[PDB]
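Visitor: Before we start, here is the structure in question, set down as structure tokens.
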Amino acid sequence: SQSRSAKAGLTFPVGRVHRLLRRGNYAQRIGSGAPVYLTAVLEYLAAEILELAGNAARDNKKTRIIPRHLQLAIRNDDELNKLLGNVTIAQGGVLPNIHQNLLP
Amino acid sequence: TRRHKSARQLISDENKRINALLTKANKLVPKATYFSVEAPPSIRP
Amino acid sequence: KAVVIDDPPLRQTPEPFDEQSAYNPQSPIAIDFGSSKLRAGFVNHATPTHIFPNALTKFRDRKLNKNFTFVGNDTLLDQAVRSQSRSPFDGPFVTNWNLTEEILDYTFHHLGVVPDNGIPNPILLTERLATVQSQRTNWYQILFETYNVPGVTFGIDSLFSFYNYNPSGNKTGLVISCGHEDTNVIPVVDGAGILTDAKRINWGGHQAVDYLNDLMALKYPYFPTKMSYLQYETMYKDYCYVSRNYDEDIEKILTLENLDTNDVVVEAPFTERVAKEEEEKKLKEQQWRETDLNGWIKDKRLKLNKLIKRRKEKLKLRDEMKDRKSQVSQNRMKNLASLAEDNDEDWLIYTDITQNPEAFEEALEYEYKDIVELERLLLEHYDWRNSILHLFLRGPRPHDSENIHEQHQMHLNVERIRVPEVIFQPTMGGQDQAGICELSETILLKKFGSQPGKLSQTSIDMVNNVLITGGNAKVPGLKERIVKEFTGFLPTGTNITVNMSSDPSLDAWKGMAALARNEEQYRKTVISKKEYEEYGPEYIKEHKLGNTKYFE
Amino acid sequence: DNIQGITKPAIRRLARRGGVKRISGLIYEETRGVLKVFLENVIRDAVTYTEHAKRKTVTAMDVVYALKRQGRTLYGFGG
Amino acid sequence: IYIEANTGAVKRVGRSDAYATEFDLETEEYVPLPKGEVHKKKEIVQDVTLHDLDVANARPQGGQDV
Amino acid sequence: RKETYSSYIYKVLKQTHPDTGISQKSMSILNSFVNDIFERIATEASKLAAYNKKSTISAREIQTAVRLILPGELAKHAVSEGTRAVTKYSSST
């Protein structure tokens, strides 16, 4: 009939993450609310990152999403930086920071 | 010697006995059981 | 002044027993097996001779190594034996029958009975409305086997109280009973309870005290003392009443003039040139304060007001910077990307765009010191009444956090009328059921051949004989509220009579005594030993005061 | 007197176990602060671990697995 | 509602406040119940002039609505 | 059939920024980020399932793992949205 993603009101797939949880040998039994909970969490995280990336891309006055905008969105935000304080970025650059006494 | 038979499963075996009797009778009408006495939900908001 | 609650005081005199000389083996004996209290006594009296809570302890002595047994009023002797009391009931039903057998042995000993091969007296017993078959099976088994009783009758305590207040046995009325664990509405036609139209709400005194305990736990999450069930029962018994109109009382329950009279406070029980210039400036300021104190005080007040406005603007800026969705954060991101996408002034702008979490705190401390200096210069030359939350916790008085007595205080302002309202609106307690007035309305206006708009004679006789019983009818304002609702939905000119006894918890036993004293209609309800041996435990005696069969 | 349970000889001993010789006279408060944040991280994780286990006392097993989550794993008190 | 027995005029005051929580946001205004009785009776005196009847019977466009 | 999350984050970008495009390196950033979050949350849920002698992973373990992984405001918003999605899915009647 119809998929479970529209049944739970999501755009990310549910059977796909159910499959990836199944033979990923995390456990031999998996409940039914597990893929919809994981799907909603991934929805919110991707939507937040895409919001900040689109704001940075518009802030550059440039109509595509370039990883410099991703770096700006990751490091400008507080707890997104806390979540991603370990991962190195591809083609992102470094936020501009000069220490105060080097200015004469 | 009896099992403990707490209050949650007394309702369960009672309505399963009622359903068994009703399905036997279908293959009748209740008068005053524990579930017909229960108050219906209200019709005002 | 806050009143102090505690545990109820312990009983001193132990429970006595009746003399065995006055016992005769032919009089019946009435037993009211209640979920909250036990009422037993002989038929020839008007009041029961034994009233005690339905409780039992298996007392263990460390020294004598003997399992003791304290039942009822004997459990009201020590705090430790009071706290470990156990009831045979679990919800509206009975689970373990060994406790019931022990309690029945206790109350048979205290009645001065000398038996032989069981009890020779027939018993009178109460039962729940539409009881499970297992319950009556177990009752038949324990009576007719362990006690050798000749006769047993079963009935509902509401119909017993109705028979007590209508001894002719053929009247027509409406019964409302507020029990310990449920509330029932039973219509009575010609003295016979119409059990196909009775209704039940799953709410009683026990759920009400649990509701009050949960509300008090959620209201004061840092209360340092643990409160017991009996203390919450005393607060429920003392300072709870039914409002005349709940829909408009909550609009004015938290005004200041209403909180002066309708607030209860409950106390828990417990046991060189710069220095010369500064000195010259201080001397000039002292000379100006001695010369013109009013103008200097006005200028210092204006400076303090300007400092307070600057501090408020700084706090507003600090709060606005904390919001990621604010326009200030968007402007900060625009300036940051403007330093990251495309001079000494731009260098100073980049220096000024740095994060200042601790610098803002240091500047706020400096501004607070400047405001303190401005207040000192003004001296030299946030209202809790607008806070609904402060009125909700701490009432109409100012609160001291450092007071040890105020740390154990508890206020009852909204909970005096919120707790008893659940029997009228069961959705507040979590039960998806109609209220008392709704069930009475759909009984009186759409049943017994009464179309909505005109009342049949049965409905008129029902309205004219409304009786309120049960132990939970002790709440004030209940009768007036029911009368107001009843005259709300009925046609005009209808006569409404509502009867409530002085003690609505002892009318059931008086109903047993009145039925046993009336010899003629006794024998329609008694079940003999031969009856149980013939038709088995699956047997329902149809009469005007008891249960009916499950089917048609 | 709430935070004042730990005191001057205690953090003098701790700094001496750091092998330092001269301390400052008001290094007190930032050490008290990092003390506070380390404990509230560790027992917040321990409280969540014991909340999911329906165990309303905090056990040793929960806090050593809280540290092993945090990368500061302890040996000897289970594992 | 409001019903006059002699004239037949019908005026809708508004929805009762017992149905105030059927929705969170609504176009309908909510009014309380009458504390009075349903049936009310009163005697009044009317004062008219001959010019009032003259101008009531001599409307040239037609009898307007209430 | 090499499998990737490209279409789904294409639409959830499209419901808020219609006139915006994604580069392929950026496309890979979001794909790797989603897979890393999935791996971290799932291995924490499996560890918490093995904590309590429990052979089944349900929604409560993943809620506890989400409360363990994320920082606080992200955590409370994630459990709010996930609880709303679970109650939407369960009441499919």
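Numbering starts at 1 and runs along the chain as displayed.
If you're wondering, the header gives electron microscopy, 2.9 Å.
Cβ atoms are placed via backbone N, Cα and C, with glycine included.
Copying in the features that Swiss-Prot gives for the protein in this structure:
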type	residues	note
MOD_RES	D:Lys8	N6-glutaryllysine
MOD_RES	D:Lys8	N6-acetyllysine
CROSSLNK	D:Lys8	UFM1 cross-link
MOD_RES	D:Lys36	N6-(2-hydroxyisobutyryl)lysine
MOD_RES	D:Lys54	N6-lactoyllysine
MOD_RES	D:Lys54	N6-butyryllysine
MOD_RES	D:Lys54	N6-(2-hydroxyisobutyryl)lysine
MOD_RES	D:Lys54	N6-succinyllysine
MOD_RES	D:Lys56	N6-acetyllysine
MOD_RES	D:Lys56	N6-(2-hydroxyisobutyryl)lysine
MOD_RES	D:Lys68	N6-glutaryllysine
MOD_RES	D:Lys68	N6-propionyllysine
MOD_RES	D:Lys68	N6-succinyllysine
CROSSLNK	D:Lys68	ubiquitin cross-link
Visitor: Enumerate same-chain residues with a sequence separation of six or more from D:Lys8 (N6-glutaryllysine) and a Cβ-Cβ distance below 8 A; give 'none' if the list is empty.
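Guide: Set apart from D:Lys8 (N6-glutaryllysine) by at least 6 residues yet with Cβ under 8 Å, we have D:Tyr28.
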Visitor: How big is the gap, in Å, between the Cα of D:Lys54 (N6-lactoyllysine) and that of D:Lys68 (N6-glutaryllysine), rounded to a whole number?
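Guide: A Cα-Cα distance of 21 Å.
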Visitor: Chain B sits near which of the modified residues D:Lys36, D:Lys54, D:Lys56, D:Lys68, counting only a Cβ gap under 8 Å?
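Guide: Sorted by position along the sequence, the hits amount to none.
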Visitor: For D:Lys36 (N6-(2-hydroxyisobutyryl)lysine), what is the tally of other C-beta atoms lying within 10 angstroms of its C-beta?
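Guide: D:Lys36 (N6-(2-hydroxyisobutyryl)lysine): 11 neighbouring Cβ atoms within 10 Å.
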Visitor: Can you give me the same-chain residues 6 or more apart in sequence from D:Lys56 (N6-acetyllysine) with a CB-CB distance under 8 Å?
Guide: D:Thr50
Visitor: From the Cα of D:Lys68 (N6-glutaryllysine) across to the Cα of D:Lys36 (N6-(2-hydroxyisobutyryl)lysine), what is the distance in angstrom?
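Guide: Each residue's Cα considered, D:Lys36 (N6-(2-hydroxyisobutyryl)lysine) and D:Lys68 (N6-glutaryllysine) end up 20 Å apart.
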Visitor: Fewest other Cβ atoms within 10 Å: which of the modified residues D:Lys54, D:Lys68 wins that one? Let me know.
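Guide: Fewest other Cβ atoms within 10 Å, among the modified residues D:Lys54, D:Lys68, is found for D:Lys54.
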Visitor: Per DSSP, D:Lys54 (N6-lactoyllysine) is which: helix, strand or coil?
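Guide: Looking at the DSSP assignment, D:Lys54 (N6-lactoyllysine) belongs to neither helix nor strand, so coil.
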Visitor: Going by DSSP, is D:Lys8 (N6-glutaryllysine) part of a helix, a strand, or coil?
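Guide: Once the DSSP labels are grouped into three classes, D:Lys8 (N6-glutaryllysine) ends up as helix.
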